[PDB]
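Novice: sequence? don't have it. structure:
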RNA sequence: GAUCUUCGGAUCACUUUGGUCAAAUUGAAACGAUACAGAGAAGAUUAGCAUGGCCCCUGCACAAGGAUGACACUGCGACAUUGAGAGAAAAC
Ligand SMILES: [K+]
Ligand SMILES: [Mg+2]
Ligand SMILES: [Mg+2]
């Protein structure tokens, strides 16, 4: 019964280069190509973050809209906009 | 708000939002490598041009190439049975 709070203060930026020798970015298909397929499942960092309703759920600007949808960033647990 | 008008009002303008889709692991493709075999025509080496399409790739191309691009190239029963004999069975 209290307004929702932002989980992460910062913004997850993108800067990472797999397999430094054998990978090269692809402008059209926005990901790194070349190098060993490496794996189908191996790649799977662990969510650094995690959310729970108890300490995180609350009011937000979208409650007014009847057909509004849930935050893609809340469920994985880094929605940084809070109630806004 | 500007313009007149006479303190009644009139003019002037009048409804956006190009959306492969919300800050990139789990809805834009296609694969590296390692291990196996491993280069068309009836001996051996070898030119090629074709046929077929839910196989494509390079190409501006209705040129031409990719191993002659690759794969494929077969096969069966609208057979009517009687021709006859033998033991059984049922029958001349
Ligand atoms: K040849
Ligand atoms: Mg050819
Ligand atoms: Mg051919």
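Specialist: Looks like it came in fine. Numbers count the residues shown, from 1 in each chain, chains lettered A, B, ... in the order given. Ligands and ions are numbered 1, 2, ... in the order given.
Novice: Tell me, how many residues neighbour the closest residue to residue A:82 other than its chain neighbours?
Specialist: Nearest residue to residue A:82, sequence neighbours excluded (Cβ to Cβ, 6 or more residues apart in numbering): residue A:6, at 3.7 Å. Heads up, the C-betas are built off the backbone N, CA and C, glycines and all. Neighbour count of residue A:6, defined by other Cβ atoms under 10 Å: 14.
Novice: Please apply the same query to residue A:7.
Specialist: 19.
Novice: doesn't residue A:77 make contact with it?
Specialist: Yes. Contact criterion Cβ atoms under 8 Å: residue A:7 and residue A:77 qualify, at 5.6 Å.
Novice: and for the two, which residues touch both?
Specialist: Shared contacts of residue A:7 and residue A:77 (Cβ atoms under 8 Å, 6 or more residues apart in numbering): A:49, A:51, A:56.
Novice: and which of those residues is nearest to RNA strand B?
Specialist: Using Cβ to the nearest atom of the strand, residue A:49 comes nearest to RNA strand B of the shared contacts of residue A:7 and residue A:77, at 8.1 Å.
Novice: For the residue nearest to residue A:82, what is the enclosing helix or strand?
Specialist: If you go by DSSP states H and E, residue A:6 is not part of any helix or strand.
Novice: Let me see the contact set for it.
Specialist: Neighbouring residues of residue A:6 by Cβ under 8 Å, 6+ apart: A:79-82.
Novice: Recalculate using a threshold of 10 Å.
Specialist: The contact partners of residue A:6, taken as Cβ atoms under 10 Å, 6 or more residues apart in numbering, are A:56, A:73, A:78-84.
Novice: Just give me the neighbour total for the residue in chain A positioned nearest to RNA strand B.
Specialist: Among the residues of chain A, residue A:36 lies closest to RNA strand B, at 2.5 Å counting by Cβ to the nearest atom of the strand. The tally of other residues near residue A:36 (other Cβ under 10 Å) stands at 9.
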